[PDB]
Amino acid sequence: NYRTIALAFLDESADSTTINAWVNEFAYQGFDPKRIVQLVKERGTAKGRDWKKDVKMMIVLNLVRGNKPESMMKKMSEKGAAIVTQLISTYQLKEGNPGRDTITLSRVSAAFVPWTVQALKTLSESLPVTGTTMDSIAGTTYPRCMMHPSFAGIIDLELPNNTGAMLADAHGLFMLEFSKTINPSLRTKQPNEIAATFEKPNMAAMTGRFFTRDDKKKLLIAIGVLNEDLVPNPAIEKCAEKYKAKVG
C-alpha cells in the first residue's frame, strides 16, 4: 500500500549530521579554490616560473581587465600582450565559467583573495567601477578592499550581532554596480533583478569551507574592515542600508 509506505517516512530517521553532510556535497560550487591553488603552484613550478609573482600579475590583470584573456590581448600594448600570453599558456587560462578544474583569472583572484584585498587599495581609480564612483553612491568612503567579487570569500556570516550579514549587504552595493558595468544590459533592470545575477555564486563563496572562520576574522581585522573587538567600520552599516533600500 503506497499511501501507507509514504506515511511511514514520518518516522524515518532524519539525522541532521547526515543531512548536512549531504548538503555540502550537493551544494552549488562554481569551483574549488583548493584546486586552483594547487594547479597554479604545480603548473608554475613545472615551467620554473616565479609563480607567486604570476598570481599577482594575473590578479591585477583581472581587476583591471576582466575575465576574458584572449579578448583582452586584442586591445593591449604588445608588451603587455606578450606577458599575458605566457600566463594563458602556462596556467592554461580560460574565460567565463568552465569546469571545476579550469583556471580563470577571476578564479585566481578569488582563491588568492588575501592578496587581492591588498592590491585593491592601490588601484581603485583604475577599476571598472572607481573608488570615487562608489563613494558618491555610498555617501561615504566605500572600503576599497570590497571592490571586487572575491571579497565574498572573506565574509563570515556567523559573526556576532549580524555583522556578517551587514558585510554582505554592504558588499552587495558594489556588486550591483559592478554587474551593471560589467554587463550593459542589466542597466535597464531593477536592482532586485540584478542581484539575482550574483546571489548564488556569492553566497557560495561566503559559505565555502576553504578558509576557516578564524582565518576570516584575521583578514577582516588586518584589512581594517573590523577592529580587534570585531566592530565594523561605520561606513559599512551605512552602505548595507542603502543596498537594502535598493532591493528590499
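Quick note: we count residues from 1 along the sequence shown, nothing fancier.
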item: Higher-scoring stretch by recorded Cα B factor average, 22-30 or 187-195; value: 187-195
item: Stretch exceeding the other in mean C-alpha B-factor - 53-61, 39-47; value: 39-47
item: Among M175, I155, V108, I137 - the residue whose C-alpha B-factor is largest in the record; value: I137
item: Position of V113 among the chain's modelled residues by C-alpha B-factor, lowest, middle or highest third; value: lowest
item: Lowest, middle or highest third - CA B-factor, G96; value: highest
item: Ranked against its chain, the third holding the CA B-factor of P143; value: highest
item: Chain-relative CA temperature factor third for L230; value: highest
item: Ranked C-alpha temperature factor of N202 among modelled chain residues, by third; value: lowest
